[PDB]
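Numbers for residues simply follow the sequence, beginning at 1.
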Amino acid sequence: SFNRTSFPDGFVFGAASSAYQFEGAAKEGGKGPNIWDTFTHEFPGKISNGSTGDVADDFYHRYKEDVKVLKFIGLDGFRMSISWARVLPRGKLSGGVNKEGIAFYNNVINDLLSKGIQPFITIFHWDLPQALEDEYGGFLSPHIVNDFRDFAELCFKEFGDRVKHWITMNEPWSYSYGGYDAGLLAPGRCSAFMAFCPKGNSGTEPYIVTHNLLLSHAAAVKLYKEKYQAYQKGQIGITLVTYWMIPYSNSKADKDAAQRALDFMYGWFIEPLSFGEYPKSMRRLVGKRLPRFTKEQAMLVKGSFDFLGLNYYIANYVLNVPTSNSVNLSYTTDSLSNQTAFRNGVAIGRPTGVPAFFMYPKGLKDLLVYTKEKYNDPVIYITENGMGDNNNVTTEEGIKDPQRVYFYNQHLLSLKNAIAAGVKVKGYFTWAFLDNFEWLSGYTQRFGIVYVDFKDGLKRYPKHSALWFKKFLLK
Ligand SMILES: *[C@@H]1O[C@H](CO)[C@@H](O)[C@H](O)[C@H]1NC(C)=O
């Protein structure tokens, strides 16, 4: 049977989570407010069912039992994030450290390590303290960099003796696009012509924010390398998400469109991280709306990772979009490309419970080989991979998830192929550990290998996928 022995010795298999999506205790334990507390409460129409992460999975209180479930599955690693406003309630270091917040993360880490599970810790998973958003507009401002650095340093100082894998941030594409182009994610900003957000500019702010995300990342990495890595002996990277782009047709127009789509989503980050420069297509199409790295900034950002985390979910077909005389100016329309999961009406792969998301396991290897070939064979972790069910069956039926067993079998086979093609993948994390608060989708989508019965006291039930993973892991 297909099992972990097919993967390199010491390969890390894990499951993933994040703080706002799992913890709850949003106003407890000394925690201060973050932009997702604010967003979910002030824009309920932007979350399915007007849900919040006020309680989520209550991982804050239930972590001891959840860590037992991780051990039961037999996982090697666990991805989790630090809630910035839980440890620094006013965002700034001078605003004071919340000892009870530090204590929570220490408790989780110590329990994880006692079970032989390596913590892979994301420093920033979108839950910016409201205090920083209010003071200077969060990642719209160059001021964010040094507050981010202090936050990262707090983490290194308090946890780095035990944590040996750091991720500066998760999916800065999602933060920038979702938060500042489409206004679908906190802090919920977009152009006035969209009649969807009170403030913003979809044609400028995504580029401003991405620049500052990259600079904040780079500052944290520099600090880790110079002050902590030699003694703590850990590794630091960053997690990027991209869809794999397939040309809608064999035309040059569609081939080019597919690459532009990949440039704007993926290259936007990985080309600065690899080359110290933005993609040529973005320089060309976005022009002076796209910030330039100074010589010093380029040197700081280029090479600023020990490993690359990749989140992979889907592939899309891409169509060329001709220029117009009608300027709905936005990051989204800048790429002159249109993504669709359908060619001639037929989906790109097996359906899932999520309408836009189809199964395309080939695209994981395709992405990995592309990354190897373009960005100098980096060390890679698959930091997220998974699928969602719709939340409208019973607990007993929700636990039976052969479609997710299928999903993981196919993607791990594809991952095995990528490794055999020479891609330096060192680990793999399922999104998600638990069914959780899936941002704008609230609790309508279930990505977990463990079922959470939100209607019955948040009870945990391992799904068939979790039991399959347990068998796969020889545990
Ligand atoms: C796991 O896979 C290997 C192939 O690499 C096989 O030799 C071994 O018997 C398998 N173990 C199981 C299925 O328990």
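Exactly one of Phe124, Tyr180, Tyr207 qualifies for a ring-ring contact (aromatic ring centres under 6.0 Å, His included) with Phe139. That residue is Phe124. Among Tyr20, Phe447, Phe39, the one residue that satisfies the ring-ring contact (aromatic ring centres under 6.0 Å, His included) test with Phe437 is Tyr20.
Between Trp244 and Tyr312, the gap from one ring centroid to the other reaches at least 6.0 Å. Aromatic rings from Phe59 and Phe433 are positioned such that their centres are separated by 6.0 Å or more.
Atoms OG1 and CG, on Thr444 and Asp435 in that order, are 11.0 Å from each other to the nearest 0.5 Å.
Atom CG of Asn110 has more than 12 heavy atoms from other residues, nucleotides or ligands within 6.0 Å.
Both the sub-6.0 Å distance and the 45° axial angle are satisfied by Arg86 relative to the ring of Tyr60. In this structure, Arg4 is not positioned above the aromatic face of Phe13 in the sense of NZ or CZ being under 6.0 Å from the six-membered ring centre and within 45° of the axis.
With sequence neighbours excluded, the residues satisfying side chain to side chain donor-acceptor pair (under 3.5 Å) with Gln403 are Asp389. Here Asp306 pairs with nothing under the salt bridge (charged side-chain N to carboxylate O under 4.0 Å, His left out) rule; sequence neighbours left out.
A donor-acceptor contact shorter than 3.5 Å links the side chain of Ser114 to the backbone of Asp111.
Donor-acceptor pairing under 3.5 Å is lacking for the side chains of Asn49 and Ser51.
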